[PDB]
């Protein structure tokens, strides 16, 4: 996600760069968070005995993984993305 | 701005002249890009013999020589990959899903292909590269699919061209003009794939609308052009030159 | 692991390809060769043009009314009315000094003290290197006859590319050799203090916190190099007026 | 890109691809990758947001591990979410 991480770095810090090692750490962070969330959503599916992982399992998986406030925004940005996505046709 | 404006009559003139010398400097830089283009084209004619060679090795068209096999291991070990080492002991036709797996790793591109596009790229045999040479400088990427196997389209070669505007850039190098894709001919609206977000939309480059003026549609259709040119860069300067490793994942 | 334990005949194919890959290296090897020559080939064409600029700036030669004539048009054609004349002084005072203060990466590195020094900077040349290791040299020509700081006639910086081409098939910066400076007075020595002339005294390869830091400057060093090479030198004129911005 | 349709910088395509290869479920919804892609983008933006400031405080125009460590440990929550990803598994 090197490039996708660099773009975000410019949206928050246009005049700020990043080293190679720092990037490697960010890449691990993304993959780590991904597996965690996806891991939960996976369980939620099996628990409720469903053969699909929708944005619903992902959302709750965020409330269980991410802490209070931090999870809140995640739910906001996620819900918004899905809302806008469906709109674009 | 106001700094240079208050410059003495003598001073300014001194700059005017230099502003001219730079023009003469632009002149030579122009010829630089010329020979720079031709030279870079010359060697491409040498790169092809190797790519055209691997393409067959990928299509099972031609089989590897024990010389290359052994010579390869000596390289895999030299680079410490091991992943390409076979077991001690005395199936398919030419390495399955080569280019597909390759594009699956390429940073920019990889995040463009979709599950419905993977099935198509599954029939991609090779990705060429050629400089226009003639009028209007630029390079063109060629995609060769197995027409006798590809169920999606009857096209044998899907092309893409990037035209460099004749007018040399300020920096002294070439600047893009516009991309001209090579429309596809699907054999069925079901096996279409392309309006949704698809990889093959790459062969339908964004067109420079007009000076009718718009909002958010001039920025959106700009980030797309950048992505288009960007992708073109990847395949040209990376994917093709190191396809072998891009398939294994070493290039990463 | 998505390849380690899989079919054999496939891997077999890859090995051969991995070989043709090497064939490309040598072909791309020969590429960078003639490629490097082509650049240096034209550098000899740029120098004569830039040399003209040097004398025009040093006042060692008066501007050609013709160049002034063409200038009138050009400046007008580029909507740069800011540099026109309608109906004393020596060569362009503080030329490269101003040009550098406009150069993005460089400008920031200059201090109020080293700025008075660059006031005697007359020209910045460029030369590639086939004299062994790949690379180029940035020759700084100061006015020794007036420079009160250092007697040096020509300062410089040499960047070296390691013989072996990188994976991308291009060159990789090995290290840089500063041309140092011989100041005639400690008080006149701007450089230990945070100075611009430290540019001629870049960090060396040998020496946590250490590498992490001794890499940012090392990176900043190469960064600056490209700035002068691909910008400052090529468009020095515009870099002085600010049009390059 | 489905990312543009959702106004996101992160790849909604890859996230959707990885969700089907990680064997997390028999099937995957269409909004699942979009929602997840947004969450990932946010967090990364939240990190670089503080990491950048740390870089400034230390007078640096380029973020490094040191900086990332600062932003994370200084933020009560971030100094928490990383742990969940960590997982001792002991």
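Numbers run from 1 along the shown chain.
We read in the header that X-ray crystallography, 6.7 Å was used to get this structure.
Quick reminder: no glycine exception, Cβ is built from N, Cα and C everywhere.
Straight from Swiss-Prot, the features:
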MOD_RES   C:16  phosphoserine
MOD_RES   C:22  phosphoserine
MOD_RES   C:58  phosphoserine
MOD_RES   C:77  phosphoserine
DNA_BIND  C:210-236  DNA-binding region
Conformational class of residue C:22 (phosphoserine) under the three-state DSSP mapping: helix
Which listed residue (C:16, C:58, C:77) has most other Cβ within 10 Å, given these are modified residues: C:16
Euclidean distance between Cα atoms of residue C:77 (phosphoserine) and residue C:58 (phosphoserine), Å: 27
Assigned conformation of residue C:16 (phosphoserine) - DSSP reduced to three states: helix
In the chain carrying residue C:22 (phosphoserine), residues 6 or more apart in sequence that have Cβ under 8 angstroms from it: none
Helix, strand or coil at residue C:77 (phosphoserine) [DSSP, three-state]: helix
The DNA-binding region (C:210-236), counted residue by residue under DSSP: helix, strand, coil: 22 helix, 0 strand, 5 coil
Local backbone state of residue C:58 (phosphoserine), from DSSP in three classes: helix
Endpoint distance, Cα to Cα in Å, for the 4-residue gap that opens after residue C:207 and closes at residue C:208: 12
Residue C:16 (phosphoserine) to residue C:77 (phosphoserine) - Cα separation in whole Å: 58
